[PDB]
>>> print(open('start_36.tsv').read())   # TSV, N, CA and C atoms
chain	number	residue	atom	x	y	z
A	1	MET	N	115.47	127.38	63.50
A	1	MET	CA	115.46	126.56	62.26
A	1	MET	C	115.28	127.44	61.03
A	2	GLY	N	116.20	127.30	60.08
A	2	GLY	CA	116.13	128.10	58.86
A	2	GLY	C	116.69	127.36	57.66
A	3	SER	N	117.23	126.17	57.89
A	3	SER	CA	117.80	125.37	56.82
A	3	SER	C	116.71	124.76	55.94
A	4	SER	N	116.70	125.15	54.67
A	4	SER	CA	115.70	124.65	53.73
A	4	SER	C	116.30	123.57	52.83
A	5	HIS	N	117.63	123.48	52.83
A	5	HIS	CA	118.33	122.49	52.02
A	5	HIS	C	117.99	122.65	50.54
A	6	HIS	N	118.43	121.70	49.73
A	6	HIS	CA	118.18	121.74	48.29
A	6	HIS	C	117.45	120.48	47.83
A	7	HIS	N	117.05	120.46	46.56
A	7	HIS	CA	116.35	119.32	45.99
A	7	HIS	C	115.06	119.03	46.76
A	8	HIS	N	114.41	117.92	46.42
A	8	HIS	CA	113.17	117.52	47.08
A	8	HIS	C	113.26	116.09	47.60
A	9	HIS	N	112.58	115.83	48.71
A	9	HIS	CA	112.58	114.50	49.31
A	9	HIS	C	111.27	113.77	49.01
A	10	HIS	N	111.29	112.45	49.17
A	10	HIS	CA	110.11	111.63	48.92
A	10	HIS	C	109.12	111.72	50.09
A	11	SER	N	107.92	112.21	49.80
A	11	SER	CA	106.89	112.35	50.82
A	11	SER	C	105.50	112.13	50.23
A	12	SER	N	105.39	112.30	48.91
A	12	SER	CA	104.12	112.12	48.22
A	12	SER	C	103.98	110.70	47.69
A	13	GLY	N	105.08	110.16	47.17
A	13	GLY	CA	105.06	108.82	46.63
A	13	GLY	C	104.18	108.69	45.41
A	14	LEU	N	104.66	109.22	44.28
A	14	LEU	CA	103.90	109.17	43.03
A	14	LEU	C	104.39	108.04	42.14
A	15	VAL	N	105.42	107.33	42.60
A	15	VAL	CA	105.99	106.22	41.84
A	15	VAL	C	105.59	104.88	42.45
A	16	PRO	N	105.43	103.84	41.61
A	16	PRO	CA	105.05	102.50	42.07
A	16	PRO	C	106.06	101.92	43.06
A	17	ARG	N	105.58	101.54	44.24
A	17	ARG	CA	106.44	100.97	45.27
A	17	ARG	C	105.95	99.59	45.68
A	18	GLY	N	104.85	99.15	45.08
A	18	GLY	CA	104.29	97.85	45.40
A	18	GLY	C	104.23	96.93	44.19
A	19	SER	N	105.18	97.10	43.28
A	19	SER	CA	105.23	96.28	42.07
A	19	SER	C	106.67	96.00	41.67
A	20	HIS	N	106.88	94.88	40.98
A	20	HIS	CA	108.22	94.49	40.54
A	20	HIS	C	108.21	94.10	39.07
A	21	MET	N	109.09	94.71	38.29
A	21	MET	CA	109.19	94.42	36.86
A	21	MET	C	110.24	93.35	36.59
A	22	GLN	N	109.84	92.31	35.85
A	22	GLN	CA	110.75	91.22	35.52
A	22	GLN	C	110.39	90.60	34.17
A	23	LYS	N	109.09	90.57	33.87
A	23	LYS	CA	108.61	90.00	32.62
A	23	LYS	C	108.42	91.09	31.57
A	24	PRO	N	108.40	90.70	30.29
A	24	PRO	CA	108.22	91.63	29.17
A	24	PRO	C	106.83	92.24	29.18
A	25	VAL	N	105.86	91.35	29.24
A	25	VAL	CA	104.45	91.73	29.25
A	25	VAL	C	103.66	90.84	30.20
A	26	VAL	N	103.90	89.53	30.11
A	26	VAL	CA	103.23	88.54	30.95
A	26	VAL	C	101.72	88.67	30.92
A	27	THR	N	101.22	89.50	30.02
A	27	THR	CA	99.80	89.71	29.88
A	27	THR	C	99.46	90.31	28.51
A	28	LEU	N	98.21	90.14	28.09
A	28	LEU	CA	97.76	90.67	26.81
A	28	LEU	C	96.23	90.66	26.72
A	29	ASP	N	95.64	91.85	26.75
A	29	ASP	CA	94.18	91.97	26.68
A	29	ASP	C	93.76	92.79	25.46
A	30	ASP	N	94.50	93.86	25.19
A	30	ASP	CA	94.20	94.73	24.06
A	30	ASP	C	94.37	93.98	22.74
A	31	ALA	N	93.51	94.28	21.78
A	31	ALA	CA	93.56	93.64	20.47
A	31	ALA	C	94.12	94.58	19.41
A	32	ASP	N	94.71	95.68	19.86
A	32	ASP	CA	95.29	96.67	18.95
A	32	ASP	C	96.79	96.42	18.77
A	33	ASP	N	97.46	96.04	19.85
A	33	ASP	CA	98.89	95.78	19.80
A	33	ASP	C	99.17	94.35	19.34
A	34	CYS	N	98.48	93.92	18.29
A	34	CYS	CA	98.66	92.58	17.75
A	34	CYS	C	99.96	92.47	16.96
A	35	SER	N	100.82	93.47	17.10
A	35	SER	CA	102.10	93.48	16.39
A	35	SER	C	102.93	92.27	16.79
A	36	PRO	N	103.94	91.90	15.97
A	36	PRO	CA	104.81	90.76	16.26
A	36	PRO	C	105.62	90.98	17.54
A	37	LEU	N	104.94	90.83	18.68
A	37	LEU	CA	105.58	91.02	19.98
A	37	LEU	C	106.71	90.02	20.19
A	38	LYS	N	107.87	90.53	20.60
A	38	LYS	CA	109.03	89.68	20.84
A	38	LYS	C	108.96	89.07	22.23
A	39	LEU	N	109.32	87.79	22.33
A	39	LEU	CA	109.30	87.08	23.60
A	39	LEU	C	110.67	86.49	23.91
A	40	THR	N	110.73	85.72	24.99
A	40	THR	CA	111.97	85.09	25.42
A	40	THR	C	111.69	83.84	26.25
A	41	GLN	N	112.45	82.78	25.99
A	41	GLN	CA	112.27	81.52	26.72
A	41	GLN	C	112.52	81.72	28.21
A	42	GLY	N	111.44	81.84	28.98
A	42	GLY	CA	111.57	82.03	30.41
A	42	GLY	C	110.67	83.13	30.94
A	43	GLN	N	109.59	83.43	30.20
A	43	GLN	CA	108.66	84.47	30.61
A	43	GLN	C	107.22	83.95	30.55
A	44	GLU	N	106.46	84.22	31.61
A	44	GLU	CA	105.08	83.79	31.69
A	44	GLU	C	104.17	84.61	30.78
A	45	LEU	N	102.89	84.27	30.81
A	45	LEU	CA	101.89	84.95	30.02
A	45	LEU	C	100.50	84.67	30.60
A	46	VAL	N	100.15	85.42	31.63
A	46	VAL	CA	98.87	85.26	32.30
A	46	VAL	C	97.85	86.24	31.75
A	47	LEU	N	97.16	85.84	30.69
A	47	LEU	CA	96.15	86.68	30.07
A	47	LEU	C	95.07	87.08	31.06
A	48	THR	N	94.34	88.15	30.73
A	48	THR	CA	93.27	88.64	31.59
A	48	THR	C	92.21	89.36	30.76
A	49	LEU	N	91.04	88.73	30.63
A	49	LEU	CA	89.95	89.31	29.87
A	49	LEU	C	88.64	89.26	30.66
A	50	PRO	N	87.75	90.25	30.45
A	50	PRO	CA	86.46	90.31	31.15
A	50	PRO	C	85.46	89.29	30.60
A	51	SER	N	84.73	88.64	31.51
A	51	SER	CA	83.74	87.64	31.12
A	51	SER	C	82.73	87.42	32.24
A	52	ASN	N	81.57	86.89	31.89
A	52	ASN	CA	80.52	86.62	32.87
A	52	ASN	C	80.07	85.17	32.81
A	53	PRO	N	80.53	84.33	33.76
A	53	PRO	CA	80.16	82.91	33.80
A	53	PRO	C	78.72	82.69	34.24
A	54	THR	N	78.00	83.78	34.46
A	54	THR	CA	76.61	83.71	34.88
A	54	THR	C	75.67	83.74	33.68
A	55	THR	N	76.23	83.95	32.50
A	55	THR	CA	75.44	84.00	31.28
A	55	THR	C	75.53	82.69	30.50
A	56	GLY	N	76.73	82.38	30.00
A	56	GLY	CA	76.93	81.16	29.24
A	56	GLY	C	77.94	81.34	28.14
A	57	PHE	N	78.05	82.56	27.63
A	57	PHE	CA	78.99	82.87	26.56
A	57	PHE	C	80.37	83.16	27.13
A	58	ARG	N	81.28	82.21	26.97
A	58	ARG	CA	82.65	82.36	27.44
A	58	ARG	C	83.59	82.66	26.29
A	59	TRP	N	84.89	82.48	26.54
A	59	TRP	CA	85.90	82.73	25.52
A	59	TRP	C	86.51	81.42	25.04
A	60	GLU	N	86.17	81.02	23.82
A	60	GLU	CA	86.68	79.79	23.23
A	60	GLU	C	88.14	79.94	22.83
A	61	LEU	N	88.95	78.95	23.19
A	61	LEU	CA	90.38	78.97	22.87
A	61	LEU	C	90.63	78.29	21.53
A	62	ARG	N	90.99	79.09	20.53
A	62	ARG	CA	91.26	78.57	19.19
A	62	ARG	C	92.75	78.28	19.00
A	63	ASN	N	93.54	79.34	18.86
A	63	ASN	CA	94.98	79.21	18.67
A	63	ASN	C	95.74	79.68	19.91
A	64	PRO	N	96.05	78.76	20.84
A	64	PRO	CA	96.77	79.09	22.07
A	64	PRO	C	98.27	79.22	21.85
A	65	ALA	N	98.68	79.30	20.58
A	65	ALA	CA	100.09	79.43	20.24
A	65	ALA	C	100.90	78.28	20.83
A	66	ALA	N	100.25	77.13	21.00
A	66	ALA	CA	100.91	75.95	21.55
A	66	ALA	C	102.08	75.51	20.68
A	67	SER	N	102.20	76.12	19.51
A	67	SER	CA	103.28	75.79	18.58
A	67	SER	C	104.64	76.12	19.18
A	68	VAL	N	104.71	77.19	19.97
A	68	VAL	CA	105.96	77.60	20.59
A	68	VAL	C	105.80	77.79	22.10
A	69	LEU	N	104.65	78.31	22.51
A	69	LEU	CA	104.39	78.53	23.93
A	69	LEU	C	103.77	77.30	24.57
A	70	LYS	N	104.28	76.92	25.74
A	70	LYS	CA	103.77	75.75	26.46
A	70	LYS	C	102.85	76.17	27.60
A	71	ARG	N	101.75	75.43	27.76
A	71	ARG	CA	100.79	75.73	28.82
A	71	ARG	C	101.18	75.03	30.12
A	72	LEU	N	100.85	75.65	31.24
A	72	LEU	CA	101.17	75.09	32.55
A	72	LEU	C	100.22	73.94	32.89
A	73	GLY	N	98.95	74.27	33.09
A	73	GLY	CA	97.96	73.26	33.42
A	73	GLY	C	96.54	73.78	33.32
A	74	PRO	N	95.54	72.87	33.24
A	74	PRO	CA	94.13	73.26	33.14
A	74	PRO	C	93.66	74.04	34.36
A	75	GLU	N	94.18	73.68	35.53
A	75	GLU	CA	93.82	74.35	36.77
A	75	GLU	C	94.23	75.82	36.75
A	76	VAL	N	93.25	76.71	36.73
A	76	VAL	CA	93.52	78.14	36.71
A	76	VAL	C	92.66	78.88	37.73
A	77	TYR	N	92.02	78.12	38.62
A	77	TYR	CA	91.17	78.69	39.65
A	77	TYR	C	91.72	78.39	41.04
A	78	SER	N	91.93	79.44	41.83
A	78	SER	CA	92.45	79.29	43.18
A	78	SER	C	91.37	78.79	44.13
A	79	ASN	N	91.72	77.78	44.93
A	79	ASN	CA	90.78	77.21	45.89
A	79	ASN	C	90.64	78.09	47.12
A	80	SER	N	91.75	78.73	47.51
A	80	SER	CA	91.75	79.61	48.67
A	80	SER	C	91.38	81.03	48.27
A	81	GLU	N	91.38	81.93	49.25
A	81	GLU	CA	91.04	83.33	49.01
A	81	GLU	C	91.93	84.26	49.83
A	82	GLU	N	92.68	85.11	49.14
A	82	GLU	CA	93.57	86.05	49.81
A	82	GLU	C	93.18	87.49	49.49
A	83	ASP	N	93.30	87.86	48.22
A	83	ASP	CA	92.96	89.21	47.78
A	83	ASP	C	91.53	89.26	47.25
A	84	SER	N	90.79	88.17	47.47
A	84	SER	CA	89.40	88.06	47.02
A	84	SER	C	89.26	88.46	45.56
A	85	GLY	N	89.36	87.48	44.67
A	85	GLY	CA	89.22	87.74	43.25
A	85	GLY	C	87.78	87.86	42.82
A	86	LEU	N	87.14	88.97	43.20
A	86	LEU	CA	85.75	89.21	42.86
A	86	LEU	C	85.53	90.66	42.47
A	87	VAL	N	85.50	90.91	41.18
A	87	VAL	CA	85.30	92.25	40.65
A	87	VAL	C	83.83	92.66	40.74
A	88	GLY	N	82.95	91.66	40.79
A	88	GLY	CA	81.53	91.93	40.88
A	88	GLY	C	80.73	91.19	39.82
A	89	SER	N	81.16	89.97	39.51
A	89	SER	CA	80.48	89.15	38.52
A	89	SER	C	80.73	87.66	38.76
A	90	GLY	N	81.47	87.37	39.83
A	90	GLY	CA	81.78	85.98	40.15
A	90	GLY	C	83.10	85.53	39.56
A	91	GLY	N	83.09	84.35	38.94
A	91	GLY	CA	84.30	83.82	38.34
A	91	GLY	C	84.75	84.63	37.14
A	92	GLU	N	85.99	84.41	36.70
A	92	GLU	CA	86.53	85.12	35.55
A	92	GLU	C	87.44	84.21	34.74
A	93	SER	N	87.92	84.71	33.60
A	93	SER	CA	88.80	83.94	32.74
A	93	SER	C	90.27	84.26	33.03
A	94	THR	N	91.06	83.21	33.24
A	94	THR	CA	92.48	83.37	33.53
A	94	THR	C	93.30	82.29	32.84
A	95	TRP	N	94.08	82.69	31.84
A	95	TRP	CA	94.92	81.75	31.10
A	95	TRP	C	96.40	81.96	31.43
A	96	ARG	N	97.00	80.97	32.09
A	96	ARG	CA	98.41	81.05	32.46
A	96	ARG	C	99.28	80.26	31.49
A	97	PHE	N	100.15	80.96	30.77
A	97	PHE	CA	101.04	80.32	29.81
A	97	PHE	C	102.50	80.53	30.19
A	98	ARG	N	103.38	79.76	29.56
A	98	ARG	CA	104.81	79.86	29.83
A	98	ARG	C	105.61	79.55	28.56
A	99	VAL	N	106.60	80.39	28.28
A	99	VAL	CA	107.44	80.20	27.09
A	99	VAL	C	108.50	79.13	27.32
A	100	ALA	N	108.75	78.33	26.29
A	100	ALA	CA	109.74	77.26	26.38
A	100	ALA	C	110.68	77.29	25.18
A	101	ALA	N	110.12	77.51	24.00
A	101	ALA	CA	110.91	77.56	22.77
A	101	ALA	C	110.55	78.79	21.95
A	102	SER	N	111.38	79.10	20.95
A	102	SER	CA	111.15	80.25	20.10
A	102	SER	C	110.37	79.86	18.85
A	103	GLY	N	110.28	80.80	17.91
A	103	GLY	CA	109.57	80.54	16.67
A	103	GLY	C	108.39	81.48	16.49
A	104	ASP	N	107.91	81.59	15.25
A	104	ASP	CA	106.78	82.46	14.95
A	104	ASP	C	105.46	81.77	15.29
A	105	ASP	N	104.44	82.57	15.58
A	105	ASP	CA	103.12	82.04	15.93
A	105	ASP	C	102.09	83.16	16.01
A	106	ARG	N	100.84	82.79	16.29
A	106	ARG	CA	99.76	83.75	16.39
A	106	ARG	C	98.69	83.26	17.36
A	107	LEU	N	98.27	84.13	18.27
A	107	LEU	CA	97.24	83.77	19.25
A	107	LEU	C	95.86	84.14	18.73
A	108	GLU	N	94.90	83.24	18.93
A	108	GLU	CA	93.53	83.47	18.47
A	108	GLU	C	92.51	83.02	19.51
A	109	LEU	N	91.63	83.95	19.91
A	109	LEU	CA	90.60	83.66	20.89
A	109	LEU	C	89.29	84.35	20.51
A	110	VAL	N	88.19	83.61	20.56
A	110	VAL	CA	86.88	84.16	20.23
A	110	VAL	C	85.95	84.14	21.43
A	111	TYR	N	84.82	84.84	21.31
A	111	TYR	CA	83.85	84.92	22.40
A	111	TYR	C	82.56	84.19	22.04
A	112	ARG	N	82.41	82.98	22.56
A	112	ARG	CA	81.22	82.17	22.29
A	112	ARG	C	81.14	80.99	23.26
A	113	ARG	N	80.02	80.27	23.20
A	113	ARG	CA	79.82	79.12	24.06
A	113	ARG	C	80.81	78.00	23.72
A	114	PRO	N	81.67	77.61	24.69
A	114	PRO	CA	82.68	76.57	24.48
A	114	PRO	C	82.07	75.21	24.13
A	115	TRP	N	80.83	74.98	24.56
A	115	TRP	CA	80.16	73.71	24.30
A	115	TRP	C	79.58	73.66	22.89
A	116	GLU	N	79.84	74.71	22.10
A	116	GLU	CA	79.33	74.77	20.73
A	116	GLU	C	80.42	74.38	19.73
A	117	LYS	N	80.08	74.42	18.45
A	117	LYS	CA	81.02	74.06	17.39
A	117	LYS	C	80.82	74.95	16.16
A	118	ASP	N	81.84	75.75	15.85
A	118	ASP	CA	81.78	76.65	14.70
A	118	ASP	C	80.57	77.58	14.78
A	119	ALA	N	80.12	77.84	16.00
A	119	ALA	CA	78.97	78.72	16.21
A	119	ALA	C	79.30	80.16	15.83
A	120	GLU	N	78.37	81.06	16.12
A	120	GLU	CA	78.56	82.48	15.81
A	120	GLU	C	78.97	83.26	17.06
A	121	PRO	N	80.28	83.55	17.22
A	121	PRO	CA	80.79	84.28	18.38
A	121	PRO	C	80.50	85.78	18.29
A	122	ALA	N	80.11	86.36	19.42
A	122	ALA	CA	79.80	87.79	19.48
A	122	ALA	C	81.07	88.62	19.30
A	123	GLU	N	82.02	88.44	20.22
A	123	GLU	CA	83.28	89.17	20.17
A	123	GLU	C	84.36	88.31	19.51
A	124	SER	N	85.58	88.82	19.51
A	124	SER	CA	86.70	88.09	18.91
A	124	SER	C	88.04	88.66	19.37
A	125	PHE	N	89.11	87.97	19.02
A	125	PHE	CA	90.46	88.39	19.39
A	125	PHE	C	91.50	87.58	18.63
A	126	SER	N	92.58	88.24	18.21
A	126	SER	CA	93.64	87.57	17.47
A	126	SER	C	94.83	88.51	17.26
A	127	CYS	N	95.94	88.20	17.92
A	127	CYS	CA	97.15	89.01	17.80
A	127	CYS	C	98.34	88.16	17.37
A	128	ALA	N	99.40	88.82	16.92
A	128	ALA	CA	100.60	88.12	16.48
A	128	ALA	C	101.59	87.93	17.63
A	129	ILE	N	102.43	86.91	17.52
A	129	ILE	CA	103.43	86.61	18.54
A	129	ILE	C	104.69	86.03	17.90
A	130	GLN	N	105.85	86.42	18.42
A	130	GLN	CA	107.12	85.94	17.91
A	130	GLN	C	108.15	85.83	19.03
A	131	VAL	N	108.68	84.63	19.22
A	131	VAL	CA	109.67	84.39	20.27
A	131	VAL	C	111.08	84.28	19.68
A	132	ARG	N	112.07	84.60	20.50
A	132	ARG	CA	113.46	84.54	20.07
A	132	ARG	C	114.40	84.55	21.28
>>> encode(input="start_36.tsv", output="structure tokens")
Amino acid sequence: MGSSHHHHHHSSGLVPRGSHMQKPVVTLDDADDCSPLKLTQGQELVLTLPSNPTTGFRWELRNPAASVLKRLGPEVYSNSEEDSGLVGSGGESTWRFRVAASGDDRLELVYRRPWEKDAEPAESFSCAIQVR
């Protein structure tokens, strides 16, 4: 045996092989990229933010961009368990949205007790959104 051939073969696997790209973003956690993100009628939006339901201070939904984006349903908690959704704090916040129409809008979410009214939220969040 002396044939070394040319080029290189796949043996290390440094590229993603367990993921599929189809949506633009389908998610938004960072509050820096609040730029006028472009969307398209037919793409989901499953937000993901850290929270502790063991305290009391959750994330109040102010502007869900319902002006252009349509929500699926209130149910956002899985009854069964497959990949065990437990990071180490119990339940978490999961907002599943779906685009239906275009138009300009803006998403706004604050961090405070949902059972309150115009209270003083610790954290905050608000980014821009634009569909076409």
>>> atom_distance(input="start_36.tsv", atom1="atom CA of residue 114 of chain A", atom2="atom CA of residue 59 of chain A")
7.0 Å
>>> residues_around(input="start_36.tsv", residues="residue 122 of chain A", least_positions_apart="5", cutoff="9 Å", atoms="only C-alpha atoms", output="list in words")
residues 57, 110, 111 and 112 of chain A
>>> closest_residue(input="start_36.tsv", among="A:100, A:26, A:68, A:131", to="residue 39 of chain A", atoms="all atoms listed in the file")
A:131
>>> closest_residue(input="start_36.tsv", among="A:24, A:85, A:56, A:121", to="residue 44 of chain A", atoms="all atoms listed in the file")
A:24
>>> atom_distance(input="start_36.tsv", atom1="atom CA of residue 130 of chain A", atom2="atom CA of residue 105 of chain A")
5.9 Å
>>> closest_residue(input="start_36.tsv", among="A:86, A:34, A:101, A:129", to="residue 71 of chain A", atoms="only C-alpha atoms")
A:101
>>> atom_distance(input="start_36.tsv", atom1="atom CA of residue 66 of chain A", atom2="atom N of residue 116 of chain A")
21.1 Å
>>> residues_around(input="start_36.tsv", residues="residue 75 of chain A", least_positions_apart="6", cutoff="10 Å", atoms="only C-alpha atoms", output="PyMOL selection string")
chain A and resi 94-96
>>> closest_residue(input="start_36.tsv", among="A:17, A:47, A:12, A:7", to="residue 64 of chain A", atoms="only C-alpha atoms")
A:47
>>> closest_residue(input="start_36.tsv", among="A:58, A:32, A:8, A:107", to="residue 45 of chain A", atoms="only C-alpha atoms")
A:107
>>> select_by_dssp(input="start_36.tsv", residues="segment 19-103 of chain A", states="strand (DSSP E or B)", output="number ranges by chain")
A: 37-39, 44-49, 58-63, 69-71, 93-99, 103
>>> closest_residue(input="start_36.tsv", among="A:16, A:21, A:120, A:43", to="residue 98 of chain A", atoms="all atoms listed in the file")
A:43
